[PDB]
């Protein structure tokens, strides 16, 4: 019980965290129904609005006023933000020319630039195109500071998963806020956005910025603002906190706006009604900057203007219903809308048939506006599976559409939540201040990367997260992180000819040019061999009986040759590797469901003599015939197409084992499938990393400057049910599938325990940016 009889006198928006039975005067007091009786009266003053007028200049202090225009307001830190403009003839911050902030210009007592995070809900990246005509303050921040054309949110592109990712540097599957609504089967409880359950600490994993700050002796302002607190009061509170004595003043602050999201949902992203909320957010930014200029902090503070996600045109007319595909939807609970998550209505109800449900949702309407996936089959780039709160059955919804349970379930013209690579879901990033670069444009980057940067801006050591520290050093003038190259754990063996062809009873019948960025380092304890060939180089695992990586270079005008008729089933023993550490063909003859493929393709052999190397047992990998349709098309058509378009390509391909879908390389005990009657593990995925020169006029094998990369993590599946057009020729569907499964080099590194690009002429920070790059095809 909380004693509301107490008073908020001289305690309004106190940073002093007090518990029961003492009444609170902070922002969260309303949500916990613990405010002192006089909180609204004393702390939420509204009298005379939020602006000084000429008639108010030099007034007598009236404590009932929302903000002040009296002579003592500056010394008291409670002037209306436009006080110096209206009463002292100063100019608005927006009307001043920007000047480079080479060093922080801070008043006495500030030893470090404070950080202000200005978060805007549903701020689509494209809204920035409106410019100074609609948003002059935001345009000045963007133009004069450091900005990205867009920032990639996390999936689902919903509010709480994205705001909490921004705060922690973690994927939702790791921080636990997997949706705006979620069901935890262990707690047997539902998290809702409009419930008291969301305040329970058990939902919130990882370590958010305000906790990282507090644990390291750095004071933080609130990261939660009550809906009942107007934006002008939020701004005045931040400014009042910035005016506090040296020993009370926070170093990190957060502002939040429910706009332009609110209006975006009502009118859609391209509605004329979108101008009004954009002008309003700009006015709030103007109040903050004028306020900072008033406190002599406008050239001292680092300001981050950031969004959680974008907004798409979504109407009630564009809704698919599960009742149109499934006989009985009454035994199912659906998390609906721009994504779908399906579970039984009764938590542990045994009448629930997941395989029959997926079958009825798979390619059952010609222009179907969603696709079902078992969570382990979702694109790996989404990192959306390793959490008990993520239902096994998922629906990836097409942009502009909704999924609902039945017709019983327009007032809305906009929505968000779709695949995080979707153009309309991209949001904003602007960094302004002494620590950010001046008038600099940076490439798009992911929001998971920001936590490390915010820790750098505050002199904090970041908690373990999913960002790649140093990948965003190019955004900063100072406070850059010096990254350390991961230490190589296992040393390779370099075997020569050690065995006879007669030593093998496998049932089988028959660096300068190819390793351009150095040997990938193996970052775990294992036994592996480096194998050299005329056309390729490989790192052959003696434990997994296959390469961890196969590396080769294809010139722009290289020839594609066929596999000769008599060499169709040709598999040759490798005299450098023991029969005991080799795969066997009897297993592929026995397994009626499993076939095999090759990592280096025989199609791209340099000569008929060289082609025989591609048929080595050490270049073979287990592949389902359905997957072979995809792999053969990539190997025979796409590798050469990419070489022709990019002026040669360097390709690194290999297997991935992720049976427990945690995005990390499996240990031997985690492998759950092997080739029939053998010890050959079955990969869950196959990766490829395709590098060339950013300057396409230079060939891939003779590149002087920055690199260009595209990568994939292809699901190794026994059917092509994911591709609704798979009955057609591979030219009509395989590339579409590969684009959906695009990946960062960093995603492959986590899944393999490998470290790429260790020997280049580029800085390590530039290589980290390259490794986090995602080719979206958007």
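Numbering follows the first chain given and starts at 1. Here the rigid core means the biggest group of C-alpha atoms that line up within 1.5 Å when the two forms are laid on top of each other.
Rigid core superposition in 8 other deposited structures of this protein puts the Cα atoms of one stretch, out of 602-610 and 343-351, farther from the shown form on average, and that stretch is 343-351. Superposing the other copies on the rigid core and comparing 203-211 to 223-231, farther C-alpha placement in 8 other deposited structures of this protein marks 223-231. Residue 512, modelled here, also has coordinates in every other compared entry of this protein that models residues flanking it, well short of the third needed to call it frequently missing. Looking at the other PDB entries for this protein, residue 408 is absent from the model in a third or more of those that include the residues around it. According to the record, no deposited residue between residue 585 and residue 586 is left without atomic coordinates.
Deposited sequence between residue 409 and residue 410: 4 to 9 residues lack coordinates. Relative to its counterpart among 393-401 and 96-104, 96-104 has the higher mean temperature factor, C-alpha atoms as listed in the PDB entry. Stretches compared: 255-263, 646-654. Higher mean C-alpha B-factor in the entry: 646-654. Sorting 165, 222, 660, 569 by the CA temperature factor given in the entry leaves 569 at the top.
Within the selection 56, 744, 717, 739, the deposited Cα B-factor values reach their highest point at 56. Split the chain's modelled residues into thirds by C-alpha temperature factor. Residue 723 is in the lowest one. Residue 121: CA B factor lies in the lowest third for its chain, per the PDB record. Among the modelled residues of its chain, residue 1 has a C-alpha B-factor that falls in the highest third, as given in the PDB entry.
Remark: residue 494 belongs to the highest third of its chain, ranked by C-alpha B-factor as recorded. Remark: residue 132 belongs to the highest third of its chain, ranked by C-alpha B-factor as recorded.
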